[PDB]
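Any value given below was found using the heavy atoms of this structure, including those in side chains, with hydrogens, waters and symmetry copies removed. For this chain, numbers begin at 1 and follow the sequence in order. Numbering of ligands and ligand atoms starts at 1, following listing order.
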Amino acid sequence: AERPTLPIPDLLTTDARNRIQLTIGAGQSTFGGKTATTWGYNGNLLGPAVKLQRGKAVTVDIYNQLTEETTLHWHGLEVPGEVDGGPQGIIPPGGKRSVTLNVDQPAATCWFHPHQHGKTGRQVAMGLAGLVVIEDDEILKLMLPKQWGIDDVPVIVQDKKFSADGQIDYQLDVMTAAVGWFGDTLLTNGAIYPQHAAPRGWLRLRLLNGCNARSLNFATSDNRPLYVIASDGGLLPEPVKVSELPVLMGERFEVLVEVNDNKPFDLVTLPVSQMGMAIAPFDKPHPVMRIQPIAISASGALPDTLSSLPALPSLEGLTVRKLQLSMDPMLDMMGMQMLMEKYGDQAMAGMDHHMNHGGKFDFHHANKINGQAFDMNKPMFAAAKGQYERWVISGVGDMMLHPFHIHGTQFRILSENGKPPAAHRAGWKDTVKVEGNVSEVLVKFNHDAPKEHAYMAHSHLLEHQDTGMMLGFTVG
Ligand SMILES: [Cu+2]
Ligand SMILES: [Cu+2]
Ligand SMILES: [Cu+2]
Ligand SMILES: [O]
Ligand SMILES: [O]
C-alpha cells in the first residue's frame with residue numbers, strides 16, 4: 001500500500017463575467033477507510049485556491065447549500081468590513097451572497113474560512129477552509145517555483161478526531177472551551193500522510209496551520225533546512241534559513257526546500273509545548289507528507305533578495321490600544337482538570353516545570369477581551385483609518401496559547417510575547433503569539449468597517465473565539 005498522492009486544490013480564476021462561484025455544502029470523505037460526513041467549498045472537504053491579482057477586482061458568488069447559517073471570511077485579505085465576512089456576514093441556508101473583492105495588497109498566500117457567530121470551530125472542524133493566492137507584478141519577476149501542484153504546492157495541515165462510527169467528533173464543551181478542539185489524526189490537504197512527487201531543485205511549500213487549536217512546528221525528517229520566503233502577508237525582504245518553523249493556528253509561511261534525486265524525506269511536525277498537544281502520537285515528531293524526488297529538473301529560483309520591507313516608523317505620538325485577554329479561572333481550571341483526568345501527565349508533557357448555577361457561569365461566554373465576552377451588537381472601539389496604531393495585547397493572567405489575529409490588516413510585530421520577533425516573523429503578519437505575556441503590533445487599516453459589518457480582533461484558537469475571546473471594531 002503506497003501512500004496516496006497529496007491532493008491539490010484547484011487554482012480558480014474569474015470567468016468572463018469576472019465571477020468566481022463558491023458552493024458551500026455537505027458531502028462524504030473517507031479517513032482510514034471509514035466514511036465521514038464532511039463539508040467543503042466546491043467539493044466535499046476543504047476548498048479551491050482562489051487566485052487574485054493586485055489592482056484587479058473580482059466578484060465571488062457564494063452559495064450556501066448547508067442547512068445552517070454560515071459566513072465566509074478572507075483571512076489575510078485586506079477588504080472593507082461589508083465584505084470581510086465576519087459573524088455579521090450571514091449567508092442564509094439555501095441562499096446566495098456576492099462580494100466584490102478589490103485586491104490592494106502585495107502577493108501572498110491567504111486563506112478563507114467560515115466566521116459563524118459562536119460556531120466557527122465546528123464549521124472549520126467539519127471541513128470548511130480554502131486558499132487565496134494573491135499575485136502582483138513584483139513576485140513574478142523573482143522566478144520562484146511556480147508550477148501549481150508540481151513545484152509550488154499548498155500544504156494545509158489540520159488535526160481531527162473521529163468517533164468509533166467514523167464521524168467527525170466535534171463538541172464545544174467545557175474541556176474544549178478550555179484547551180481547544182484537537183485530535184489524534186493529522187491531515188494534509190485532507191489526506192493522511194500523502195506523498196508529493198517533486199522535481200529536483202527547489203520545492204515551494206505554502207504552509208497553512210488550519211487546526212482549530214493545535215500549534216505546529218515544521219521540520220524535515222533529515223534536517224535539511226527550510227528557506228522561509230514569505231509570511232502571512234507576503235514576501236520577506238530576503239530568505240531566512242531555519243531548521244524548524246513554528247506555525248500558529250491560521251498562520252501561513254511559504255518555504256523553499258531542496259529536492260535531490262534518490263533521497264525521499266518527510267515534512268514533519270515536531271512536538272510543541274502547548275497543553276494537550278503532546279499526546280500520542282504527537283509526543284514524537286509526526287510526519288506530514290513524504291516528498292518523493294523526481295529525476296526531472298525544477299526551474300525555480302531562490303533569489304538573494306525578495307522584496308523591500310519598509311522601515312518601522314517612529315512610535316511616539318501613535319494611538320496605543322490596550323487589549324487584555326482573559327479566561328474564567330474557574331472554567332479554566334475545570335477544563336484543565338478534565339484534560340489531566342482523561343490523558344494524565346502526558347497532557348502537560350513539554351510544559352515548563354457539577355451543578356447548574358445559571359447563566360452567570362455559562363462557559364459559552366467565559367473568555368473575554370477587556371472584561372467583555374464578544375458582543376456582536378457593540379464594537380468595542382472605533383479605530384483610525386489610514387493611520388498606524390500600536391495595539392498592545394496581554395495574555396497575563398493565564399498560560400494558554402492565544403494566537404491573536406486582527407482583521408482588515410497586515411501588521412508589523414513590535415514585540416512577540418515580550419521579545420522582538422524572529423527574523424522570519426518580522427515582516428507582514430496578521431497573527432501574533434500571546435501566551436502568558438504581552439505582544440505589541442503596529443497596525444494600519446486601509447478600508448472602512450461600519451458598526452453593522454465590523455472587523456473582528458480575536459484569538460484564532462477557535463474554541464476560545466467561539467466562547468467570547470473576540471471583539472468587534474469599526475474603522476472610518
Ligand atoms: Cu481574518
Ligand atoms: Cu481567521
Ligand atoms: Cu477571523
Ligand atoms: O480571520
Ligand atoms: O478568523
Side-chain angles (χ1 to χ4, degrees), residues 41 46-47 50 52 60 62 70-91 99 101 105 108-132 134 156 158 172 180-181 208-215 231-234 247-252 323 325 367 369 373-376 379-380 383 391 393 401-411 428-434 441 443 445 447 449 453-475:
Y41 300 110
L46 285 176
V50 172
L52 309 172
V60 189
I62 309 162
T70 188
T71 76
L72 192 156
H73 170 68
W74 311 93
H75 184 137
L77 189 69
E78 300 156 15
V79 299
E82 296 90 322
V83 293
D84 189 55
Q88 290 164 294
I90 67 192
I91 314 170
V99 287
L101 306 192
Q105 72 196 82
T109 303
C110 294
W111 64 300
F112 62 89
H113 61 70
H115 235 298
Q116 183 68 16
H117 193 186
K119 306 184 156 72
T120 293
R122 174 166 182 258
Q123 299 195 341
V124 174
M126 284 301 294
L128 299 178
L131 294 163
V132 180
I134 307 170
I156 304 174
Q158 301 176 298
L172 174 57
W181 186 70
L208 166 64
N209 179 353
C211 300
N212 282 38
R214 173 178 302 278
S215 56
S231 59
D232 305 325
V247 186
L248 298 179
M249 298 86 78
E251 277 190 340
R252 294 82 59 214
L323 284 74
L325 312 180
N367 300 311
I369 311 184
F374 176 59
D375 184 344
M376 206 168 65
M380 180 170 302
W391 293 22
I393 309 99
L401 171 63
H402 317 291
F404 200 70
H405 170 53
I406 306 161
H407 286 208
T409 187
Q410 282 297 331
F411 53 70
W428 297 109
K429 295 290 277 91
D430 63 40
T431 306
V432 61
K433 171 179 178 168
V434 180
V441 307
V443 58
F445 304 104
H447 316 270
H453 298 289
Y455 282 137
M456 299 298 106
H458 62 90
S459 173
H460 224 277
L461 197 160
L462 295 189
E463 282 63 48
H464 292 170
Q465 172 199 315
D466 281 338
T467 50
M469 195 164 290
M470 176 156 71
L471 55 85
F473 62 99
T474 58
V475 169

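- Taking 2.8 Å as the threshold, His75 does not count as a candidate ligand of the Cu ion (ligand 3), since none of its N, O or S atoms lies below it.
- The atom name of the N/O/S atom in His115 closest to the Cu ion (ligand 3) is NE2.
- When only modelled atom types and interatomic distance are considered, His407 and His458 share a side-chain donor-acceptor pair under 3.5 Å.
- Below 30°, between 30° and 60°, or above 60°: for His460 and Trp111 the angle between ring planes is between 30° and 60°, a tilted geometry.
- Under 2.8 Å from the Cu ion (ligand 3) lies no N/O/S atom of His113, from backbone or side chain alike.
- The side-chain contact (heavy atoms from CB on, under 4.5 Å) test with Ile406 is passed by exactly one of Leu323, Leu471, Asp430, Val441: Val441.
- Here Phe374 and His117 bring their ring centres to under 6.0 angstrom of each other.
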